[PDB]
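Engineer:
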Amino acid sequence: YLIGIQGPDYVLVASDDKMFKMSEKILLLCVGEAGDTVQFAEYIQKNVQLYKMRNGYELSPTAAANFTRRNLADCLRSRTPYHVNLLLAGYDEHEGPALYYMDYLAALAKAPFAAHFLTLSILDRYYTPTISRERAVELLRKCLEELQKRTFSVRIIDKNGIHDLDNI
Amino acid sequence: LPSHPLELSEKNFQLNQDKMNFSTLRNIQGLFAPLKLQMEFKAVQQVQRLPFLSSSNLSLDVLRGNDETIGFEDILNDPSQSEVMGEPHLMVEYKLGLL
Amino acid sequence: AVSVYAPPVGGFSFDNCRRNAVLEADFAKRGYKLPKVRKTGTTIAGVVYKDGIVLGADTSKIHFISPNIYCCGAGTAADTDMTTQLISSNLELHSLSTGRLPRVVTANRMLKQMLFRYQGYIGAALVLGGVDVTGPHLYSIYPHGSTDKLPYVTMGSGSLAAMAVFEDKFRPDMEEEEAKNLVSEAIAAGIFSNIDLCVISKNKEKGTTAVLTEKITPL
Amino acid sequence: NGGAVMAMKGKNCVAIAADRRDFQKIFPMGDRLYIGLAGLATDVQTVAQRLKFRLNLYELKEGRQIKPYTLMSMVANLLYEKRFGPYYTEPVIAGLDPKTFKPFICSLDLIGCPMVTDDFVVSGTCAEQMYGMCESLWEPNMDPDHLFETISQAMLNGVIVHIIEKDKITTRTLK
Amino acid sequence: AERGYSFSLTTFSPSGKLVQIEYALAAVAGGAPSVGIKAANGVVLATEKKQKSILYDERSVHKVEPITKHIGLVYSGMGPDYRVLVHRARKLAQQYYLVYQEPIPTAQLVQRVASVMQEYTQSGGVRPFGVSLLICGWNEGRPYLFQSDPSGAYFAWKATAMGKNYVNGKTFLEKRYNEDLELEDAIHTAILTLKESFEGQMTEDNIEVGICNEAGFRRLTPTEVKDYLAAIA
Amino acid sequence: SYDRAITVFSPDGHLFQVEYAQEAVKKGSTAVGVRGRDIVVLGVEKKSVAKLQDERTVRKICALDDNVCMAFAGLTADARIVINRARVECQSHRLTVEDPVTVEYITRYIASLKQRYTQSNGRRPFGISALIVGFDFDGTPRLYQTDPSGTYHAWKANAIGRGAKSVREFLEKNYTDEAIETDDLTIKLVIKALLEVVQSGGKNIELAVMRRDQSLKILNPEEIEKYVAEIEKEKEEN
Amino acid sequence: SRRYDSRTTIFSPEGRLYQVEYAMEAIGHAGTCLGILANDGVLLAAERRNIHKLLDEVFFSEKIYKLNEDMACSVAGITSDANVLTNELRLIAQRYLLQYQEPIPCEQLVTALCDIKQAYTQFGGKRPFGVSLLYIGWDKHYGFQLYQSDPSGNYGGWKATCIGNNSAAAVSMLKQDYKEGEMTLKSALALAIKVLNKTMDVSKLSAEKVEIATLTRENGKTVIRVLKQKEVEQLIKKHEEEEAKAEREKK
Amino acid sequence: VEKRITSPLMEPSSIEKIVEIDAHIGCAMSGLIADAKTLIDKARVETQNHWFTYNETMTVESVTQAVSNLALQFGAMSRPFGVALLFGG
Amino acid sequence: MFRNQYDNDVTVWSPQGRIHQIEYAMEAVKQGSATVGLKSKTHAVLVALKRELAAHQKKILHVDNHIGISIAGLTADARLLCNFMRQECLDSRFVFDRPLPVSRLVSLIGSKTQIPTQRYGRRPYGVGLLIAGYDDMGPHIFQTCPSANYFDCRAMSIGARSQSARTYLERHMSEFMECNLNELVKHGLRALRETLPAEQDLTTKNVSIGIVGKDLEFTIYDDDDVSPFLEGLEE
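Chains as they are written, first to last, in full-length UniProt numbering: chain A, 3 to 18, 33 to 132, 137 to 170, 177 to 194; chain B, 43 to 141; chain C, 3 to 61, 75 to 207, 214 to 225, 248 to 262; chain D, 7 to 27, 38 to 173, 184 to 201; chain E, 2 to 234; chain F, 2 to 239; chain G, 2 to 252; chain H, 50 to 124, 132 to 145; chain I, 1 to 51, 55 to 238.
1. Residue 77 of chain I touches chain H at which residues, Cβ-Cβ below 8 Å?
2. Tell me the rounded alpha-carbon separation between residue 222 of chain E and residue 191 of chain E.
3. What are the start and end residues of the alpha helix (DSSP H) that includes residue 98 of chain H?
4. Using DSSP's beta-bridge definition, name the partner residues of residue 139 of chain C.
5. Run through DSSP, which three-state label would residue 59 of chain H get?
6. Can you tell me which residues form a DSSP beta bridge with residue 114 of chain D?
7. If we define contact as Cβ-Cβ less than 8 Å, is residue 118 of chain B a contact residue for chain C?
8. Taking all protein chains shown into account, do 16 or more other C-beta atoms lie within 10 angstroms of the C-beta of residue 125 of chain D, making it buried, or fewer, making it exposed?
9. Counting only runs of 4+ residues fully inside the region 27-51 of chain C, write out the alpha helix (DSSP H) ranges in chain order.
10. Can you say whether residue 43 of chain I is buried or exposed, counting buried as having 16 or more other CB atoms within 10 angstroms of its CB?
11. List the whole-angstrom C-beta distance separating residue 9 of chain A from residue 142 of chain A, where the pair is believed to meet the contact cut-off of C-beta under 8 Å.
12. I think residue 247 of chain F touches residue 208 of chain F, with their Cβ atoms under 8 Å apart; what is that distance to the nearest whole Å?
13. The beta strand (DSSP E) with residue 104 of chain A in it runs from where to where?
14. Between G:82, G:42, G:104, which lies nearest to residue 123 of chain E when the distance is taken from Cα to Cα?
15. Taking 8 Å as the CB-CB limit, is residue 104 of chain C close to chain E?
16. Using the DSSP secondary-structure output, state which residues sit across from residue 222 of chain G in a beta bridge.
17. Strictly under 8 Å for the Cβ-Cβ distance: is residue 66 of chain D near chain G by that measure?
18. Nearest to residue 98 of chain D by alpha carbon, out of B:114, B:95, B:92, B:86?
19. Tell me whether the beta-carbon of residue 49 of chain D lies closer than 8 Å to the beta-carbon of residue 84 of chain D.
20. As a quick exercise: from D:94, D:80, D:196, D:20, pick the residue whose alpha carbon is nearest that of residue 117 of chain D.
21. Closest to residue 220 of chain C by C-alpha separation, out of C:50, C:22, C:106, would be which residue?
22. List the residues that DSSP assigns as beta-bridge partners of residue 127 of chain G.
23. Output, in chain order, the set of chain B residues within a Cβ distance shorter than 9 Å of residue 125 of chain F.
24. With a cut-off of 8 Å on the beta carbons, I'd call residue 126 of chain G and residue 152 of chain G a contact; round off their distance for me.
25. Does the beta carbon of residue 95 of chain G sit closer than 8 Å to a beta carbon anywhere in chain D?
26. Identify, in the order they occur along the chain, each residue of the same chain with its Cβ nearer than 6 Å to the Cβ of residue 199 of chain E, setting aside the five sequence neighbours on each side.
27. Which ranges does the beta strand (DSSP E) cover as unbroken runs of at least 3 residues, wholly within the region 168-204 of chain C, from first to last along the chain?
28. Check the Cβ-Cβ distances between residue 17 of chain C and every residue of chain B, and say whether any is below 8 Å.
29. Would you call the region 12-30 of chain E and the region 127-140 of chain E in contact, with 3 or more CB pairs under 8 Å?
30. So, is residue 146 of chain A buried or exposed, given that buried needs 16 or more other C-beta atoms within 10 angstroms?
31. List, in chain order, every chain E residue whose beta-carbon is nearer than 8 Å to that of residue 26 of chain G.
32. Under 8 Å, with one C-beta from each stretch per pair, do the region 102-118 of chain I and the region 69-87 of chain I reach the 3-pair mark?
33. Please decide whether residue 20 of chain F counts as near chain H, where near means a Cβ-Cβ distance under 8 Å.
34. Could you check if residue 168 of chain G belongs to the surroundings of the ligand GDP, using beta carbon to heavy atom distance under 7 Å?
35. In or out: residue 121 of chain C buried (at least 16 other Cβ within 10 Å) or exposed?
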């Protein structure tokens, strides 16, 4: 249950925590094999820290997403039992908010909204680019209720930066 | 285990080629011919570009006798155009055997 | 940048293989729909006669190796085009060094050795036919690297009927028009379609279309 | 492992149309040259990325633009590099020649196998029946609008029709 | 004197000169005359072959050799290095043709061979190839002419000369060569240049001519060059 | 003499090639490190500002981990290589131990790299000495040094590079504890050290500040000018 | 000084590596190459130094190269080494683009090639390349940039720079006639052509002695182009007319 | 050992010449401390593997022999190790 | 005079057809301390004269159960040769289950020490080894000159001032064969004392004895253990 809702100036994730931040303005949500997921998260976090502090500027959410897709493809390719699904919520200084859906096979896809089916169906029923934070929290609550009928702790990556929001 | 039966067959194709060549020469010519050929190959390989650049290895192919031959390794994947590259000093150290 | 020490190399990459096999196992039971290989399942034929070689490919499957060497193709397509192209380049280099036309024995040896090195994991069931200094030769390449220099040889879909036609209707040292009519008869049996007889002679419902996103980019 | 895309030929105009529902299949491999990767999404993305890497290197070194035939050869080489452990992609290459501006359309294999026609080429899981429908619908000579309708109906029997016209390319997602 | 720098290839002289490469170029300049003229219909690669003795067999090493169906070259300097580089050039051309199914452009082949020579010019343990390649060819309906050096640096040319009296050869080419100059008389111009830079009497077996036009490269037979010599004088 | 090979010794017992690498280090501009309480500073000589130059592209102070940085003196490219490799090592250590590196740790790695490159004739020794400073993790400010020889030494106040003797003697005189009672005091101390080293201040000082729970903060020229104006006011008072 | 220069990996009592210094001298023997940063963009006014009457023009440019969609550079040194160095630049840029799907920031590519050159300087048995490249480009971070690396890998940031022949005079005169934050690409080309006029004393600017490039940003796209023969001729004519007017005013 | 502190600002803790290779093993360094780093590191590694495998204490002679085997490699080092140790255990 | 060009490298012949580096290694072994080796019908005995406060060196070494050696040259190459000998014997007894013959081991060491002399970037092993042993065909006393070529000896001595010991051993070369272990050891001690200056007499802390016998396996005797033999040894 990792529900993400991209918005005008934020990206409200909702983990089941799974929220392993890579750097400022970047938040990666990893789900799958317990051992592989955290190891991959740590590896990518170290790589992005290296890039940040070697170049003086951090990888943008798009660049981080692409690099993570490449690395995840390699990792699955190096060892088959590396079933690791990702959800990279982040904010870009120029681009703005950026949510990124990616399956275990490292198929990156920018997502107006994402989840890792019942949760996605509720988002499909109701979603708007011009959405507010409280509206996204309500959406997450509805998706969680639908999934239960069939946690949701949320953070946002705002232009200010990563924030901790009331757990749902 | 490998990812394919041919994986190791072609990871070490050249190694096996030279091994069989030297075995045959030892059996027929004697000890001197493999020694001489090893010396020439070593001498030509000692001098080339650093590992982080693409060496031509021209004179090595001329000695080997495949300077006018084409194989799938020549065309399929081109080491001259690599997609991931390590640091220069790092790979030179690796080649020297320090790491 | 990091975690890369050994210098680059060239050749086939077998990295995709393991994940590919596991995913095929997954798709086999749920999902299916995996791309397959277009293959040269058609029949090919070839005969050797008095003044050269004649090959048949209903399909074309004939492949230029040298000006005096040609090769039919059966089995898998991409494999056979790549194999024929590589051996053609090798023989072109050999000819450039020689100043002489390449020999059919050289082509047969190259194909045999390369295909045996690949251990028949690439499907190139070929009928190598040409003329050289020695004379007309008709080899029969196999994916695993086995060659037979027979008066007539066939392989493919209807190759057995073509072989029967060759056996019944062949006489030693045919002539030009007789040889290319026997191969046509044998290759015609494989069909039972235009055939590329390669004679290597020694002497020579209005759906609803509602646009949503229309954009232009003047060039 | 879904995804399908086809191409059609016209008069100084060539079309390539893929479907949507959830990944890019129409990557511009040139100013008037596109690609038709169809299959597993991750494989499509990897093939497109590495093909564009090679294409950019080639363009920088040569000083000219990749031609459709040269792009087809490059794609075939790239796919054959991984012959064992094939890429789950069936590139369909459509576009005009940068110099002569002549239509070109082709389809490839999971391992690379050039297949060039001048009427239409289809790729994907349901490619055979789609190509049959195109045959039932295809005609010799098109204008940019007539070409657009033909490929669109064939795909439907949304569709992102990229009619590559030397004057200018047009894109439309139908239904 | 600066002899320590003269001997070593991997050292820069105090002024900043690579003396070993300079000596390789001196070897090139001490080679047999070779004149290449880029005409309008095609190009010419004429040289002064050193097979003037009656014993020297004609069907043997050729000064001008083809790399592809549409590319050929001539050299001035060391024959062995020339032949090895020709083998490498053919290998590279076949690689390009198998990768792209396209004829290797002359410029690309020149780049590849020049980089190969730069490889041995850079590292210590080998010597620069004491030979310069006058590579010609024809692409996209256009004649081409290039000049490679042991340093690995290469330049495009309209008409250039090599070997002995090569500066005089280039002066003569500048005197005679015209931009509109067509083939079948650019051959005459090359013949006259080699005569200006000749030692002995001009015979069809004392020269080796190879032209590359729309059709492609082709080493001229003794009969053809004999006819051209007869037309010249 | 025996100064034409890193391998060979001398009857004195000297490897003159490494001492020449140290001489090249001395050629470099001055770098001044002060180890205070909840503060560490790396004053660097910025005399050759020149014109039409970017101070952002060329700097001596660079970070190695989140809690450690360094400043060097000598061959700029060698220092660049060492800095990049040190960053790689720090991130690898954080990967495998999950906790931030210690200043001593990265100093050890840099010294080990210099020792690796001083082993053989083929590889020349890196001609830069690094003043590596930061906080261990528990909150212990650290100052260290490295040399091409390949050994490291912790320090309380150290100056390297151009005019190192005068600056380090000034630090010997004035380091004390009352000059590290506050971060401003350490900044003034390093600025005065470089004033003894380089003629001008503010525009000729590339100063860096790193507090207990703060990252590398390279002070802007206006702030260093304010600090040196404070030093001048203090001098006028006395 | 006849010692510690046999190898690149050997120091002197003063702590000097004479081999890289001789490589820089070889650079000095090269042809003049200018690079001037400007508000609108950045230019590379190089000296063609291709003045033979039997020389062809079958290439994009001799001095000026293109690295990627966002970068271009000039060369002043040994041509043979510069070719492989530019190939390495292109390859590195494409590697970064493939991995991150974003154009390589100029400083990163400059530093990678400097690592290449200083690695060849570091290890014995390898000759320092002896090529100085004049990089230009644009990126999201620092906008337009102007960099300059040397054989030893030492690279610096610049507003106006020169490498090759009469580099010191060119740089001094640039800083004598350069304004920081005010120069537009127009005035940048004017200053570049003035410097080339007053440095290249071998001959007057004939518009084939000169090879000027331009790198601007139109529609958020880095437009790397080279001044046409007409454009450089216009630059030369404008500079010469302004100089004649100034001489007339002086009287 | 007479540890030499070059300046009053130097930390004597970092210039220590006497080190610990194991609980029951100790040595004092004198000379090229940089190579002594490698020497004592080898000794520490050897005694650690001994404790790991045989769960006992390496003899002083055995650990000094191992680190000597490290030191024998010169002409690894390309020059003789320029430091001496006094393995007092 | 003219040999400076050709006396620095081991892979270069001099105009007089000589490799002076090998001769310099043979001088290095000479500069080492004197040791003695001799065998009886049933025993092979090694006696070595060691170098004040601080312990001495181990000239006598137990390289294998039935093979022992005495060192008279460089310590490093001696250690490497001892390691190689021990490895060879261990491998023989492990795989072939055979006590490695002493002569075979000596031939292996000869080849090992021949390698560097003809190879560049290396120096000849500057050590002389008196290898004692016993197997199959009785005791085996050998001598491996640092120049690869070696010799088999009924009695031998090598080192500094070793010529006196060699002369004394020659005086009684035939007696050693018909001698008891004790008498053989005393003869060895007298040979060692020949090398000592006339003033000095053998003590217990300057003598180590390596003894391998028919039933006995090689053992090194310390001051206390060598005292028995020194007690009774005629002046």
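All C-beta atoms, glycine included, are put in the ideal place defined by N, C-alpha and C.
Structural biologist: Taking the coordinates as given:
1. Residues of chain H passing the Cβ test: none, with the nearest at roughly 11 Å.
2. 16 Å
3. Where residue 98 of chain H is concerned, the enclosing alpha helix (DSSP H) stretches over 82-102.
4. Note: residue 139 of chain C sits in a beta bridge opposite C:90.
5. strand
6. Per DSSP, residue 114 of chain D has no beta-bridge partner at all.
7. yes
8. Buried: at least 16 other Cβ atoms inside 10 Å.
9. none
10. buried
11. Incorrect: roughly 16 Å between the Cβ atoms, too far for contact.
12. In the structure as shown, chain F begins at 2 and stops at 239. Residue 247 of chain F is therefore absent and cannot be evaluated.
13. 100-108
14. G:82
15. yes
16. G:219
17. yes
18. When each option's Cα is compared against that of residue 98 of chain D, the closest is B:114.
19. yes
20. D:20
21. C:50
22. E:124
23. Within chain B, no residue comes near residue 125 of chain F; the closest Cβ sits about 12 Å away, beyond 9 Å.
24. About 16 Å; that fails the 8 Å criterion.
25. yes
26. Cβ contact annotation for residue 199 of chain E (same chain, cutoff 6 Å, sequence separation greater than five): none.
27. none
28. yes
29. yes
30. Burial call: exposed.
31. 13, 15, 16, 17
32. yes
33. no
34. This structure lacks the ligand GDP; in fact it carries no ligand of any kind.
35. By the neighbour-count definition (other C-beta atoms within 10 Å, threshold 16), residue 121 of chain C is a buried residue.
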